[PDB]
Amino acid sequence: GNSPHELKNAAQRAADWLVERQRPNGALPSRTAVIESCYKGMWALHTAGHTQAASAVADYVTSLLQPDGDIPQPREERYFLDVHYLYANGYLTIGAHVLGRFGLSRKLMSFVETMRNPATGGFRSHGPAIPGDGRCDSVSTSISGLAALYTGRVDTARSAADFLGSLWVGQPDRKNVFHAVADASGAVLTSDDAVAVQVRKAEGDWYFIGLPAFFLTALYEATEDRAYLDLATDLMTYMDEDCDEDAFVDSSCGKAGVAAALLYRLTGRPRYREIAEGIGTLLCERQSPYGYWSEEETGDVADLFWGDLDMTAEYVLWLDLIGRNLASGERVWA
């Protein structure tokens, strides 16, 4: 497969594509003005070295920030309302913090903490304006824990890991389905309206497992508490051995690829290098000749549907993280 240098070259061409089309107010070129079009942009563009463009996204995000530290609008996609509302807030917090926008990151992260369930450590799936039952899911919890790690709120991250452990141990039928949501008391939810990954089918949503694996590995790196490494290990084993091959092929596989690349750097296990290399190469092969990623668009377009803009920024970030952990992993272990 492709070398770390080649993975990064792909990321850089996509970052250049994004910045060439960035709007004067800092918004990325989405066909709809929604926060789910650009929430990964600060972090992705900073990793690519495009710090003025990343700071311009920070300016745009700051213009939307409400007194309570949330960005409730503009939001349209239901997954950003009642499935994992905080998924936008978590990447915004990380990107703001690494840019040194410490006021923005403190305000964002302080709002994220108001949606934490103090009994279970999970983070509520639905935002303040969105009626709901207090359920908490694996993605809201893992991204909020990762944002807690970058902002130095390690106790909040450890409690997010506790929730993920309970969600894993509590699965009623893990060989057939991964139920990614718990009720407010931490019992796994099996209702039709709660996200489930059909693990023996090729139907996506694998990031409900892969993002927890990435976050837990980062938490192990931060703390050296082997409980977190063991849970990350168990989730990677689950995806590799009990899940359909689509777990490492679907567009959502990048989180598991990043987790594998980090696990390779920390442990040296070659299967993790293989998983990360395969995923990085797949994403590289799917890139358009112009620089963006889309599963449908094929032309020299000036803007993208919000989901493709999000995917494009996401793959700048994942190819960067995969490449740097693979390159350092080779230095350490090979």
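Numbering starts at 1 and runs along the sequence shown.
**Q** Check the entry's C-alpha temperature factors for 191 to 199 and 80 to 88, then say which stretch has the higher mean.
**A** Looking at the recorded C-alpha B-factors, 191 to 199 comes out higher on average.
**Q** Could you check the entry and say whether 214 to 222 or 122 to 130 has the higher mean CA B-factor?
**A** Per the PDB record, 122 to 130.
**Q** Take the CA temperature factors straight from the PDB entry and tell me which of 264, 208, 248, 163 peaks.
**A** Comparing C-alpha B-factors across 264, 208, 248, 163, the maximum falls on 248.
**Q** Please work out which residue in 48, 53, 27, 309 has the highest C-alpha B-factor recorded for this crystal structure.
**A** Most elevated C-alpha B-factor of the set, per the entry: 27.
**Q** Place residue 156 in the lowest, middle or highest third of its chain's C-alpha B-factors, as listed in the PDB entry.
**A** For residue 156, the deposited C-alpha B-factor lands in the middle third.
**Q** Would the CA B-factor of residue 97 place it in the lowest, middle or highest third of its chain?
**A** Lowest third, going by the recorded CA B-factors of the chain.
**Q** Compared with the other modelled residues in the chain, in which third is the CA B-factor of residue 137?
**A** Lowest third of the chain for residue 137's C-alpha B-factor.
**Q** Considering only modelled residues of the same chain, in which third does the CA B-factor of residue 144 rank: lowest, middle or highest?
**A** Its C-alpha B-factor, which the entry lists for residue 144, ranks in the lowest third among residues of this chain.
**Q** Please say which third, lowest, middle or highest, residue 103 falls into when its CA temperature factor is compared across its chain.
**A** Highest third, going by the recorded CA B-factors of the chain.
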